[PDB]
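Q: Below is a structure I'd like to ask you about.
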Amino acid sequence: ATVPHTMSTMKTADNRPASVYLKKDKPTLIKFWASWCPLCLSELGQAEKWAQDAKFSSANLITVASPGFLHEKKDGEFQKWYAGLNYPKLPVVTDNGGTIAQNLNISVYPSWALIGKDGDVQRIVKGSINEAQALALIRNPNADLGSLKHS
């Protein structure tokens with residue numbers, strides 16, 4: 001199954017269907033993270049800004065937390081913890097057991113994946129990316145991100 005097909009059986013942290021975020025004819029930029037990673041937590045406000053920014057409007061920007069996977073809080077526990085944080089414009093898909101992360105061989109956080117508009121995985125990046133690297137990826141999945149590492 002493609003990533004969007006898999007995700008279309010999933011809810012967000014507020015219980016709505018994840019599928020509402022997966023707009024057609026747009027690539028999807030996905031940030032994988034966990035509650036136990038303080039770098040990831042420090043970057044939630046950043047991702048929320050991007051998701052709301054017109055520069056990112058050509059892509060779907062979503063994040064995935066994976067209850068019960070890699071020592072993430074269990075299903076229910078995760079959402080209760082996350083409800084104390086305040087990022088109301090950030091989509092957080094909850095993938096119980098980390099199905100998509102396992103399919104994509106994601107083992108470190110944060111990591112990012114770029115899914116094409118046809119649902120195919122185009123790029124996986126281990127670790128953090130900056131706003132310029134994220135914009136470069138939504139424009140060209142084969143962008144050279146290293147040339148912007150020290151920007």
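All residue names refer to the structure tokens as shown: chains lettered A, B, ... in order, residues numbered from 1 in each chain, ligands numbered from 1 in order.
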Give the alpha helix (DSSP H) residues of chain A, as DSSP finds them on the backbone, and put them as a count of residues only.
A: 39
Q: Skip range 139-144 of chain A itself and residues of its chain fewer than 3 positions away, then list as a ChimeraX atom specification all residues within 10 Å of it, counting only C-alpha atoms.
A: /A:27,29,56,58-59,113-116,121-124,133-136,147-149
Q: Restricting the calculation to only C-alpha atoms: of A:61, A:52, A:25, A:126, which residue gets closest to residue 105 in chain A?
A: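 The answer is A:126, which sits nearest to residue 105 in chain A.
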Q: Smallest atom-to-atom distance to residue 26 in chain A: which of A:131, A:118, A:14, A:53, using only C-alpha atoms?
A: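 With only C-alpha atoms as the atom set, the closest residue is A:118.
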Q: Can you check which parts of range 59-127 of chain A lie within 10 Å of range 39-43 of chain A? Per residue, the shortest pair of atoms and distance in Å to one decimal, counting only C-alpha atoms, sorted by chain and number, as CSV.
A:
residue,atom,partner,partner_atom,distance
A:85,CA,A:41,CA,9.7
A:109,CA,A:40,CA,7.0
A:110,CA,A:40,CA,5.8
A:111,CA,A:40,CA,9.4
A:127,CA,A:40,CA,9.5
Q: Excluding same-chain residues fewer than 5 positions from range 71-80 of chain A, what lies within 8 Å of it counting only C-alpha atoms, as a list in words?
A: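 Those residues are residues 13, 14, 34, 35, 36, 66 and 96 of chain A.
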Q: Hey, which of A:90, A:47, A:104, A:62 ends up closest to residue 120 in chain A? Count only C-alpha atoms.
A: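 Of A:90, A:47, A:104, A:62, the one nearest residue 120 in chain A, counting only C-alpha atoms, is A:104.
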Q: Can you pull out every residue within 8 Å of residue 9 in chain A, counting only C-alpha atoms, but drop anything in the same chain fewer than 4 positions away, and send it as a ChimeraX atom specification?
A: /A:5,17-19
Q: Determine which residues of range 35-132 of chain A DSSP labels as strand (DSSP E or B) from the backbone of this structure, then write them out as a PyMOL selection string.
A: chain A and resi 60-65+92-94+111-115+121-126
Q: List as a list in words the protein and nucleic acid residues near residue 6 in chain A, meaning an atom at most 10 Å away when only C-alpha atoms are counted, but skip any in the same chain fewer than 4 places from it.
A: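 After dropping sequence-adjacent residues, the list is residues 1, 2, 10, 19, 95, 99 and 100 of chain A.
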Q: Calculate how many Å separate CA of residue 16 in chain A from CA of residue 51 in chain A, rounding to one decimal.
A: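 Between CA of residue 16 in chain A and CA of residue 51 in chain A the gap is 17.4 Å.
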Q: Taking only C-alpha atoms into account, name the residue in A:44, A:20, A:65, A:138 that is nearest to residue 88 in chain A.
A: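 Counting only C-alpha atoms, the residue closest to residue 88 in chain A is A:44.
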